[PDB]
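Novice: My structure is below; once you've seen it, I'll send some questions.
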Ligand code: CUA
Ligand code: CUA
Ligand SMILES: [Ca+2]
Ligand SMILES: [Ca+2]
Ligand SMILES: [Cl-]
Ligand SMILES: [Cl-]
Ligand SMILES: [Cl-]
Ligand SMILES: [K+]
Ligand SMILES: [K+]
Ligand code: NA
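Written out as structure tokens, the structure reads:
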């Protein structure tokens, strides 16, 4: 009834929830403790991390594939895998708008373990997960219409072969499952609580490239996907492929006004943005952005819509409440209220969904409960467990783009303001302003008990299994060996490390040799991480307890070159060093 | 003392944290301990494009090829022994660099690779009469020349050097060859003396060798003597570097004019100047002590009026297991991390001095448990004669069970401690990524930042020069300049529209995009990302930023604004059209 949760997490006390923040155009994922709002860990994903060597090590570059050549990413939408509509703590997925990727993070090790470049698209933006029966598919929007093929003969966005596609990735294999060509474009997406339906907002129904063109239509739409119908067509072989990708491609466009089997287009005003599934599974709610509304699609009416039982796609709209200026996203407390960010008015508005549905029928009922000022210009917002049937109505985070005077000045570039709001009672209460770097757009919270992590690595972990395989071809037992393998101009150093000593403390090579150093940390004490840096060679990486990590570099400078442990690991940490001796050409 | 900063309240101090082996500098508010900004330095930042933009790579020079750094020691420029808020400097141990950050724009504006050395570790600034020199230690002994003919650390031409960088020019000023090696460093309150700890007086490469001697030393530098030798032209140069090199090694037991070696146990680490200017305090690490060098006595030591370099030691208090660093409250107390005992020990410097003369007095005042294994520690304004005795941060290397589990890699634990009273009080546990080693605090009124860029700012003046060569007025022009296989796009940006919304190139063209943000509203930053080309940068109000990339893929390629700038931010986009190679001269 009253909103009175405690926010202080004192020394020695622990946070109640994990928070997983997108890193925005900085490209990483950040783990926070909630309600303290402190950053506990950074998980490199699309960024190159000097500390752990993500982007430099062989294990990381193998996961990134050819996209290892890119040093940037732009991530917005972190989501946790589900079983039976509840978080299962297995995986976190996130998009990369800058280089068109999806990444998977394993929540037991808190590392990115798979990455895919989505084929034949540009800019992976919207991303959310199937909820029921479990996260079989990752659903991802490609935002920008492009020519097909994109070979430089045709540039017109109006061409019959210019379009974008909705993407489904197999969550477990991290291979593409299928793609659906759509009209217009794609902004954000969500899924239902059965597995049959997904939905995405579109703001460029006009297929224009200019600002005024993209705002011409009074209504764009939410495109709804009959995933069962897509799956049936794939199983029957009723698909095409594009370019050199084997991914099954289904055509979800309207042809001469005739609907595809795979899609329905529900008109929604106007350049709508957020696309959020209510926790009771009743509605896809589209945030109206240029229209001061949200539109509520009754998921219960979608089978009739696809069966041809409804005379008009607008018939699945059962509410369209007027809320305020610039609605961008919606979340849920599991008590029947929705909470929507108003970018222009700079507020969070709390409103009762069933009352909004009755107001749409002509009933005189006030569905707006409260408007709370936020600081300033909120984008997305997220209530604890909102993406699950266990939405607990405890905490809300609103992620606001202009912090202005809310923090000390730090130069021309400002932090975002991610504000923690207590929603446990009848009144929302602002309790903490959290400055963050580079515009997290969205975040996701999980109860402490939904996340189970490893304290030390398993020696059979898939994360470094290819390196274990390399060692096997060299006849190396990584748990014990300290040896230097010579192979023409290639040199493969294998060593164990146990604080405060590297297992190989010197080695000699020829100028120009390509050197690979593989280190296995055989300490068993939790938290005794080691590092490895080769001075003046651009080489740096983490080796945590029982991990094997490897890095490759060319020894292009004759002479003595020191290497050292970068992770303070022991009172003799400064002395944990070695020498690479490079004999001149 | 208020410990919690509520919504709408501001922090009272800035904190500048080192980013450790992550390579950036982090700006925190104190006492909230929240991170307000990240300043990329040695890391590549996807968000702002540091390491990708032409302006950043120009500042990095040839070292722009490295994607890593390892920074430990951030320090703020001083005038008359007080922070003046102009510059922050920090080391790079990984690739042997020093970087300068301009505190008005909160960006690294200068970087230097220190010549003929390996691993820049210790770094601190001259205090008096102002920060003319940045002092930096090269940690590892190497051969000179390091050409692969000699590897022996015991060769007469194998050594390391102490380094002085001109703070304003960010060019080398001089280097001093030393015996042993170099760990941490600090400077006095006169400008004459600096000092550095050494742990490898043995010139060894193995753990046992490096621990062999019961004492190493702190080496003291007479900067007046170095300066006088440099003006007299009495120096040599190494390799292709023109930096004056002076010889501070002993030769057959005889001291050089530039250095004195004060025996100190044992593999000492921290080297900290007391805020009253009396002492260089070396933390004994493998010896459970700190050693106090009376800066008073250094002139006499350099004049030969003392029988034993130890005679400048006036205190050696026994404190506990693994002393690593010392800081100061400005009330006559010192605070020392004990890495092994996992504590901060508060002690009275004058009473330790009296105890050294046999007067039995208990100089130890309190020991506070920290969590766990503290390295460096920093009290507010400790590096100045304004040491205010309010806040202390202890930066601990093992956080274990102090935060929620996050997998095998744990955060560090930087703990905020109230030292305003007689009793140290632990108030906040602050988790941090990648091992900040040290940090530095400044009062809010010691830092003055710009809200909008100046159009003549040196950060992008080279880009303005390039534009002028093309006849461009960056404040107004939206033009595509063609120059063979180079294409130079110049545009203004004003939310929510790029001033050039489309341009066409040939496959293989080298494209430079230069964008000047002509919005005047504070906080209205723009971004620029080219999809699937690895291209990303920030353009803040009144900044010009530029980036260069190869249009290696035919077809249409979207670009977009990455910084939420406007209600129509999703629609602030453009298109690069790349004509296929088969349609152009092979
Ligand atoms: Cu291993 Cu420090
Ligand atoms: Cu410009 Cu968003
Ligand atoms: Ca539209
Ligand atoms: Ca020694
Ligand atoms: Cl959304
Ligand atoms: Cl309620
Ligand atoms: Cl120090
Ligand atoms: K912002
Ligand atoms: K650590
Ligand atoms: Na992959």
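Chains as they are written, first to last, in the numbering used here: chain B, 766 to 1350; chain G, 6 to 591. Heads up, the beta-carbon is just placed ideally off N, CA and C, and yes, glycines get one too.
(1) Using a Cβ-Cβ distance cut-off of 8 Å, determine whether residue 160 (chain G) contacts chain B.
(2) For ligand 7, which residues count as neighbours when the test is a C-beta closer than 6 Å to any heavy atom?
(3) Can you list, in chain order, the residues of its chain with a C-beta nearer than 8 Å to that of residue 1058 (chain B)? Leave out the 5 residues immediately preceding and following it.
(4) Would you say residue 1194 (chain B) reaches chain G, if we count a Cβ-Cβ gap shorter than 8 Å as a contact?
(5) Going by CA-CA distance only, name the one from B:927, B:959, B:940 that's closest to residue 947 (chain B).
(6) Return the residues of the segment 101 to 130 of chain G that lie within a Cβ-Cβ distance of less than 8 Å from chain C, sorted by chain order.
(7) For residue 1271 (chain B), list the residues DSSP reports as bridge partners.
(8) For residue 1073 (chain B), count neighbouring C-beta atoms within 10 Å of its own C-beta (all shown protein chains included) and say buried if the count is 16 or more, exposed if not.
(9) Just curious, the beta strand (DSSP E) that residue 383 (chain G) is in, first and last residue?
(10) Would you call the CB atoms of residue 1038 (chain B) and residue 906 (chain B) closer than 8 Å?
(11) Residues of chain G with CB under 9 Å from residue 821 (chain B), in chain order?
(12) For the alpha helix (DSSP H) holding residue 1067 (chain B), just list the boundary residues, first then last.
(13) Which residue or residues does DSSP assign as beta-bridge partners of residue 115 (chain G)?
(14) In chain G, which residues lie less than 8 Å from residue 1089 (chain B) when you measure between Cβ atoms?
(15) Who are the Cβ neighbours of residue 1275 (chain B) in its own chain at under 6 Å, not counting the five residues just before and after it?
(16) Evaluate residue 588 (chain G) with the Cβ neighbour count: other Cβ atoms within 10 Å of its Cβ, from every protein chain shown; 16 or more gives buried, anything less gives exposed.
(17) Let me check you understand the geometry: is the CB of residue 1207 (chain B) closer than 7 Å to at least one non-hydrogen atom of ligand 3?
(18) Give me every residue whose Cβ sits closer than 6 Å to any heavy atom of ligand 6, in chain order.
(19) Cβ of residue 74 (chain G) within 8 Å of Cβ of residue 94 (chain G)?
(20) Which two residues bound the contiguous alpha helix (DSSP H) that contains residue 350 (chain G)?
(21) Counting only beta-carbon atoms, is residue 236 (chain G) nearer than 8 Å to chain B?
(22) Can you find a CB in chain G that lies within less than 8 Å of the CB of residue 783 (chain B)?
(23) May I ask you to report which of helix, strand or coil DSSP gives residue 784 (chain B)?
(24) Going by the C-beta, is residue 908 (chain B) closer than 7 Å to any heavy atom of ligand 4?
(25) Any heavy atom of ligand 3 inside 7 Å of the beta-carbon of residue 878 (chain B)?
(26) Got a sec: is the Cβ-Cβ distance from residue 345 (chain G) to anything in chain B below 8 Å?
(27) Would you list, in sequence order, the uninterrupted beta strand (DSSP E) runs of no fewer than 3 residues that lie entirely inside the segment 416 to 455 of chain G?
(28) Decide if the segment 93 to 107 of chain G is in contact with the segment 121 to 134 of chain G; the criterion is three or more beta carbon pairs, one per stretch, under 8 Å apart.
(29) Note down the Cα distance separating residue 881 (chain B) from residue 830 (chain B), rounded to an integer number of angstroms.
(30) Please classify residue 1 (chain G): is it buried, with 16 or more other beta-carbons within 10 angstroms of its beta-carbon, or exposed?
(31) At a Cβ threshold of 8 Å, is residue 780 (chain B) touching chain G?
(32) Determine, using beta carbons only, whether residue 706 (chain B) comes closer than 8 Å to chain G.
(33) Say whether chain G places a C-beta atom closer than 8 Å to the C-beta of residue 1278 (chain B).
(34) Identify whether residue 1355 (chain B) lies in helix, strand or coil by the three-state DSSP scheme.
(35) Starting from the Cα of residue 1294 (chain B), find the closest Cα among B:1143, B:820, B:1332, B:1265 and give me that residue.
(36) Taking just the CA atoms, how far does residue 920 (chain B) sit from residue 827 (chain B)?
Specialist: On the basis of the data shown:
(1) no
(2) G:189, G:275, G:276, G:277, G:330
(3) 1034, 1085, 1086, 1087, 1088, 1092
(4) no
(5) B:927
(6) Although the question refers to chain C, the structure presented lacks it and instead comprises the protein chains B and G.
(7) B:1344
(8) exposed
(9) 379 to 384
(10) no
(11) 72, 73
(12) 1067 to 1071
(13) G:105
(14) Ordered by position in chain G, no residue passes the 8 Å Cβ test against residue 1089 (chain B), which lies about 13 Å from the chain.
(15) 1348
(16) exposed
(17) no
(18) B:1100, B:1102, B:1191
(19) no
(20) Counting along the chain, residue 350 (chain G) falls outside any alpha helix (DSSP H), though it belongs to the beta strand (DSSP E) covering 348 to 353.
(21) no
(22) yes
(23) strand
(24) no
(25) no
(26) yes
(27) 417 to 423, 430 to 437, 444 to 448
(28) yes
(29) 8 Å
(30) Outside the shown range of chain G, which is 6 to 591, sits residue 1 (chain G), and nothing can be said about it.
(31) yes
(32) With chain B represented from 766 up to 1350, any question about residue 706 (chain B) goes unanswered, as that position is not in the structure.
(33) no
(34) Outside the shown range of chain B (766 to 1350) lies residue 1355 (chain B), about which nothing can therefore be said.
(35) B:1332
(36) 34 Å
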